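Chemist: Dumping the structure here so I can ask a few things about it.
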Amino acid sequence: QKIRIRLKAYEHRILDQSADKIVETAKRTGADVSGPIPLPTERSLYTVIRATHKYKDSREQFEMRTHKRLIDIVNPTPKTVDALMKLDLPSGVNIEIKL
Amino acid sequence: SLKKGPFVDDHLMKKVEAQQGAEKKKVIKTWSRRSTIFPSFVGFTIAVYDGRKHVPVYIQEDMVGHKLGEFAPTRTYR
Amino acid sequence: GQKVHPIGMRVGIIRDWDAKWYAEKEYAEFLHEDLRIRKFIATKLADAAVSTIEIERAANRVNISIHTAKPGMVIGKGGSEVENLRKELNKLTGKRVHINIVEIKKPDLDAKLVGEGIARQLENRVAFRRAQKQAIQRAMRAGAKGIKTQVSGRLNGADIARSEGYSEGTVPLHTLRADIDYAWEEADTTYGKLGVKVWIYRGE
Amino acid sequence: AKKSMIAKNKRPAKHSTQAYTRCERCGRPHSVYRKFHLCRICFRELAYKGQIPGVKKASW
Amino acid sequence: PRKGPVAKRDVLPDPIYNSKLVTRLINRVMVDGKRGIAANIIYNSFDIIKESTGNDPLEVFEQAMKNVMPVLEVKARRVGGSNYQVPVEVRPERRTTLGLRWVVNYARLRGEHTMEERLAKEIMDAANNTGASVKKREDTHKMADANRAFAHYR
Amino acid sequence: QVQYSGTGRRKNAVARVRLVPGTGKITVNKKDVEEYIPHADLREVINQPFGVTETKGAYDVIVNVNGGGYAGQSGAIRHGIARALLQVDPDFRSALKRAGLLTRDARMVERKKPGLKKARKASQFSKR
RNA sequence: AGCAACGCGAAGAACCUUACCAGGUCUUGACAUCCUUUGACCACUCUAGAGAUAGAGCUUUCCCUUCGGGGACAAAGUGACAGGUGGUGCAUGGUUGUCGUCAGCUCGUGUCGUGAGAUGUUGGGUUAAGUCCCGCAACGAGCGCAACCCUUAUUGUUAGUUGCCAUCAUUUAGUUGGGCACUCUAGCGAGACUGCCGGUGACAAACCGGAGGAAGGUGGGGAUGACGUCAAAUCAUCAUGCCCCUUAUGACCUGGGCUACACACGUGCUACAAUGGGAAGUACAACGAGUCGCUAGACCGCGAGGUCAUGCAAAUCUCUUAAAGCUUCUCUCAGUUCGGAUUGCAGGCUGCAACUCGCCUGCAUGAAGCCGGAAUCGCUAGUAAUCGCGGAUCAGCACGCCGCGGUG
Ligand SMILES: [Zn+2]
């Protein structure tokens with residue numbers, strides 16, 4: 001509703017931590033923030049041969065999960081915009097605010 | 001399947017246009033085995049490099065849609 | 001070849017990535033920039049005994065932190081060397097960089113430090129049997145549940161290669177909640193290359 | 001010859017279908033992943049050490 | 001195996017006739033896991049049985065089974081470098097196993113234009129002491145009760 | 001009205017079943033169970049809980065099913081119908097319990113391993 | 001290069017890749033540092049050439065100034081030097097295969113032995129297990145085994161959008177009003193322990209049976225591979241000791257092999273039909289991928305495809321109405337309405353360009369093959385057998401590889 005967040009990360013611990021940060025500092029100055037809704041956690045898969053020259057019949061498999069989290073804000077106020085676009089922690093987590 | 005106009009090379013077509021006037025020479029020596037045999041190549045004698053040498057091929061009329069590489073093989077069996 | 005890398009078996013379980021940034025559609029460039037960075041700063045490391053390096057990055061700045069055992073001999077007199085580190089790293093990354101230097105405590109309980117030090121004796125014509133023994137002796141006195149070392153190659157600067165190491169205390173490898181450390185270095189005396197490996201168990 | 005070929009790989013190609021990928025640490029031309037720009041067995045080497053962010057060993 | 005005997009693989013009695021024997025017969029006709037085809041085949045065959053000179057498909061099927069199943073099978077064994085064959089008894093599950101197996105095998109080789117025209121016809125010929133299935137049983141009984149010679153003290 | 005709801009799972013298929021007094025009938029995904037699963041006789045697998053306990057009518061059954069194949073999402077329907085019947089009267093948890101009809105079948109598709117043709121089938125071998 | 005080489009390095013040979021061959025070319029050099037003159041280098045256009053290159057045209061042009069310097073760079077000089085997929089896996093590091101996920105390998109204090117050494121770690125039972133019990137000059141301990149990690153089988157709670165629609169109106173419809181009940185998604189917790197009940201057995205460990213429960217005896221599957229063996233494999237991923245080349249074993253370009261064919265061996269796909277072939281109708285999944293990419297829809301073409309155009313950086317849109325299945329109508333046991341090799345003609349798509357040497361379409365042709373000797377292989381349950389779908393690599397190119405689910 002005319003303001004909403006999106007957060008991607010590789011660790012759900014950091015993800016939930018920052019989601020609680022934003023939810024708390026949002027409902028401190030406003031009201032009615034839709035919960036941190038979870039999204040379905042994309043996954044990839046990489047198979048590789050673990051030997052430099054021969055032996056195709058023995059491999060090692062890797063992956064990279066990407067956790068997702070959604071937060072929608074209802075009825076912002078000329079102070080929520082301020083108190084939201086300023087908090088920034090932590091480092092390796094993607095934030096994308098679309099109106 | 002180049003239904004957007006068949007394919008010659010500029011050097012090859014330049015040479016053939018240049019000799020189009022009079023009776024022709026056997027010295028048209030090009031590598032160019034990708035080119036097709038336009039209906040103006042008749043009567044000449046093209047030299048087609050086969051990876052080792054320059055084979056001459058005399059262009060009759062029945063050979064008018066094929067390529068210049070179809071008349072100079074490369075493998076040498078028996 | 002029948003053992004897994006002990007700090008790749010445990011990454012994403014009890015330890016973290018030494019590179020913590022999230023990016024998409026700018027991922028190859030970032031990974032090779034980190035590689036360039038880390039392959040460069042092995043310049044001062046040649047003397048200052050650095051162990052790890054942690055790369056984070058923001059909108060256009062790059063936050064770096066390095067763990068060393070020589071704080072003054074890496075920052076300068078009054079701050080005249082970190083200046084150079086930043087003004088040199090800007091020439092590569094073309095961004096703003098901010099080194100935040102950490103200092104390491106108990107440096108004898110670190111795999112890269114120990115192994116790299118006991119792989120510098122081999123170059124100075126020292127016998128290997130007592131290098132490893134004194135290494136594990138000065139690693140146990142700092143207080144450690146177990147340690148294991150191993151050297152390989154043409155020993156004594158001699159003919160056909162062999163291998164041998166020494167163990168002290170327990171070093172359980174199959175336990176996933178173990179917090180072990182590991183590193184692999186190289187050196188030469190005059191013949192070929194040697195490989196030194198070191199594992200230290202520091203509780204969980 | 002593997003120092004002239006890395007040079008010849010980085011100059012602009014003579015035709016569209018003449019460019020090809022190589023590894024960036026080494027110059028291996030076979031089996032490179034084009035999300036990382038790393039070959040078959042630098043991937044397995046930098047996945048350990050936890051340098052590539054994301055990637056880890058998979059089991060299910 | 002080596003450790004010791006194993007279980008018996010419980011079966012699920014089919015719901016039409018509520019008879020585990022029809023279940024095993026469906027399982028033996030089926031090839032490649034296409035079970036609905038096998039079920040259609042068995043049901044068309046039983047329809048053909050009852051419609052033409054029949055009383056009930058279970059009755060004539062049981063009697064055909066009774067007339068085909070064997071009671072004396074032999075086993076060719078090795079001792080120390082010379083091999084022979086000796087008769088032995090036959091436990092119950094093996095009996096119905098062999099019965100079903102022979103009936104299906106020798107209906108599959110009939111030579112008409114439908115598996116039903118083969119199966120119904122063959123188990124009718126079987127419930128009247130006829131058909132290569134009964135002859136296979138009697139070949140077995142004749143091999144036994146003769147090769148008891150080099151079996152009398154085995 | 002009164003109604004009874006249960007949830008049934010089998011082999012990548014999940015069903016949401018509703019019991020409602022009536023005259024004995026079942027419709028699934030706005031179609032008739034004679035047409036939705038018209039295979040041969042899987043319906044006689046579905047109507048088994050009514051056959052063993054609460055014998056035997058009369059409830060109209062309305063179900064919402066999605067996932068798996070035609071034979072998985074009928075064992076799932078059976079699972080759900082049984083759970084719903086349990087909900088009606090708890091005294092049924094013995095007759096149903098005796099005849100299976102109350103447990104989830106945890107027989108899923110085994111995963112493929114590398115170096116093998118399938119989950120367990122290996123390549124062809126030659127001693128020489 | 002037996003098991004442990006032979007759909008293996010190669011997860012993509014038309015040019016490139018490319019190391020090989022034939023012709024055309026260069027020598028401080030395709031790539032790096034230094035020192036000096038110094039210093040801002042270009043790109044673009046036109047003739048000759050198969051190109052590599054050479055010859056001419058607007059010009060590579062101070063971005064720090066205290067008048068005094070430093071960054072990028074072409075040429076030259078200038079030689080230190082570079083360069084090698086050249087040799088040695090029997091000089092090496094590192095990284096793998098196999099015995100084999102088999103159950104083993106050692107120490108401290110005692111005791112025994114003149115001594116090297118032994119005991120423990122032997123014996124009975126049991127166990128998947130050097131896993132446990134009983135006995136015993138032994139008593140304890142370490143790495144191995146098992147546990148801690150992942151996924152699947154049941155559920156409580158927190159959160160309802162892009163997911164869902166049970167109680168309501170509405171339309172083509174979950175769509176729009178409404179709701180978060182149900183399914184689902186994903187964080188945090190519960191639950192399985194021989195934990196109770198009966199028998200066997202040295203009362204012991206353990207085994208057999210029952211109750212309850214979604215699940216019962218390491219519930220199912222993965223990751224995890226000890227001390228060691230084969231001078232096993234790899235100087236061609238990368239490094240590196242010694243040896244070798246240096247106007248050539250280095251380097252640039254076009255065209256040709258790597259795809260050649262009297263044959264022999266391995267791994268696969270399609271069939272030899274009626275449990276089938278053909279025509280019409282009706283259904284049911286899961287894992288994954290997408291920005292110069294995935295293409296909705298409408299139209300043109302018998303078809304592969306083409307044109308105009310639409311949504312989506314994604315639980316929102318698309319790839320994607322799965323195929324076996326079910327229901328009708330045929331065909332009648334035949335080298336055939338089975339089979340689809342080979343050849344003729346005409347097209348499409350990517351690409352500067354499909355002759356050697358690509359994939360696909362249509363019409364025409366219609367081979368061997370009627371279940372395969374000696375011998376030999378895979379597999380113990382959602383497994384074998386059978387059926388499709390996705391993606392890494394990649395302009396294009398898969399019967400191979402990695403995963404997913406359906407019937408069973
Ligand atoms: Zn690489």
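Residue numbering restarts at 1 in every chain; chains get A, B, ... in the order shown in the structure tokens, and ligands count up from 1 in that same order.
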Around ligand 1, at most 12 Å away and counting only C-alpha atoms (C1' of nucleotides) and all ligand atoms, which residues are there? Put them as a ChimeraX atom specification, please.
Modeler: /A:52 /C:32 /D:21-33,36-46 /G:237-238
Chemist: Check every residue of chain E for an atom within 10 Å of chain G, counting only C-alpha atoms (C1' of nucleotides), and provide those that qualify as a ChimeraX atom specification.
Modeler: /E:1,29-38,41,111-115
Chemist: Can I get the selected residues back with C-alpha atoms, as a PDB file, in the first residue's frame?
Modeler:
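out-v9.pdb, written as the output of this step:
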```pdb
ATOM      1  CA  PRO E   1      20.243 -64.239   2.094  1.00  0.00           C
ATOM      2  CA  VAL E  29       0.072 -60.616 -16.729  1.00  0.00           C
ATOM      3  CA  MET E  30       1.250 -57.037 -16.225  1.00  0.00           C
ATOM      4  CA  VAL E  31       4.368 -55.961 -18.116  1.00  0.00           C
ATOM      5  CA  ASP E  32       6.213 -52.634 -17.698  1.00  0.00           C
ATOM      6  CA  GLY E  33       3.932 -51.525 -14.869  1.00  0.00           C
ATOM      7  CA  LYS E  34       0.907 -50.950 -17.111  1.00  0.00           C
ATOM      8  CA  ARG E  35      -1.595 -52.391 -14.680  1.00  0.00           C
ATOM      9  CA  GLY E  36      -4.897 -51.081 -16.029  1.00  0.00           C
ATOM     10  CA  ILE E  37      -4.308 -53.007 -19.249  1.00  0.00           C
ATOM     11  CA  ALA E  38      -3.694 -56.204 -17.278  1.00  0.00           C
ATOM     12  CA  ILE E  41      -7.525 -58.227 -19.833  1.00  0.00           C
ATOM     13  CA  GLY E 111      -1.739 -68.051 -31.370  1.00  0.00           C
ATOM     14  CA  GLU E 112      -5.073 -66.253 -31.500  1.00  0.00           C
ATOM     15  CA  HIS E 113      -5.832 -62.565 -31.932  1.00  0.00           C
ATOM     16  CA  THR E 114      -6.295 -61.416 -28.321  1.00  0.00           C
ATOM     17  CA  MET E 115      -4.761 -62.079 -24.920  1.00  0.00           C
TER      18      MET E 115
END
```
Chemist: I want to know what sits within 9 Å of region 4-16 of chain B, based on only C-alpha atoms (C1' of nucleotides), with residues of the same chain fewer than 6 positions away left out; could you give that as a list in words?
Modeler: residues 28, 30, 32, 34, 35, 36, 37, 38, 40, 41 and 44 of chain B; 50 and 353 of chain G
Chemist: Generate a file of the selected residues that holds C-alpha atoms (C1' of nucleotides), formatted as a PDB file, in the first residue's frame.
Modeler:
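So again.pdb came out as:
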```pdb
ATOM      1  CA  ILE B  28      41.924 -17.046 -61.128  1.00  0.00           C
ATOM      2  CA  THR B  30      41.536 -18.033 -54.909  1.00  0.00           C
ATOM      3  CA  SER B  32      37.497 -19.205 -51.230  1.00  0.00           C
ATOM      4  CA  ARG B  34      32.647 -21.316 -49.671  1.00  0.00           C
ATOM      5  CA  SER B  35      31.451 -19.510 -52.809  1.00  0.00           C
ATOM      6  CA  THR B  36      28.697 -20.847 -55.036  1.00  0.00           C
ATOM      7  CA  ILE B  37      28.943 -21.077 -58.832  1.00  0.00           C
ATOM      8  CA  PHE B  38      27.011 -18.111 -60.194  1.00  0.00           C
ATOM      9  CA  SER B  40      28.608 -16.165 -64.984  1.00  0.00           C
ATOM     10  CA  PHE B  41      31.510 -18.410 -63.896  1.00  0.00           C
ATOM     11  CA  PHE B  44      36.605 -19.932 -66.928  1.00  0.00           C
TER      12      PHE B  44
ATOM     13  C1'   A G  50      43.092 -14.705 -49.191  1.00  0.00           C
ATOM     14  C1'   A G 353      30.035 -18.046 -44.099  1.00  0.00           C
TER      15        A G 353
END
```
Chemist: I want to know what sits within 10 Å of residue 127 (chain F), based on only C-alpha atoms (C1' of nucleotides), with residues of the same chain fewer than 4 positions away left out; could you give that as a count of residues only?
Modeler: 3
Chemist: Env of residue 78 (chain B): 12 Å cut, atoms = only C-alpha atoms (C1' of nucleotides), seq-sep filter 3 positions within chain, self excluded. Answer as JSON, numbers by chain.
Modeler: {"B": [75], "G": [260, 261, 262]}
Chemist: So which residues touch residue 24 (chain B) within 9 Å, counting only C-alpha atoms (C1' of nucleotides), skipping near sequence neighbours fewer than 4 positions away, as a ChimeraX atom specification?
Modeler: /B:19-20,43-45
Chemist: Grab the residues selected above and save them as a short mmCIF file (atom, residue, chain, number, x, y, z; two decimals), in the first residue's frame with N, CA and C atoms.
Modeler:
```
data_model
loop_
_atom_site.label_atom_id
_atom_site.label_comp_id
_atom_site.auth_asym_id
_atom_site.auth_seq_id
_atom_site.Cartn_x
_atom_site.Cartn_y
_atom_site.Cartn_z
N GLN B 19 37.27 -9.85 -65.81
CA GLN B 19 37.54 -10.61 -67.03
C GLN B 19 36.31 -10.80 -67.91
N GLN B 20 35.13 -10.37 -67.45
CA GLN B 20 33.89 -10.60 -68.20
C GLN B 20 33.94 -10.11 -69.64
N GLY B 43 32.87 -21.30 -68.40
CA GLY B 43 33.95 -21.17 -69.35
C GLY B 43 35.29 -20.82 -68.77
N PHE B 44 35.35 -20.28 -67.57
CA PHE B 44 36.61 -19.93 -66.93
C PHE B 44 37.27 -21.20 -66.40
N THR B 45 38.35 -21.03 -65.65
CA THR B 45 39.03 -22.14 -64.98
C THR B 45 39.52 -21.62 -63.63
#
```
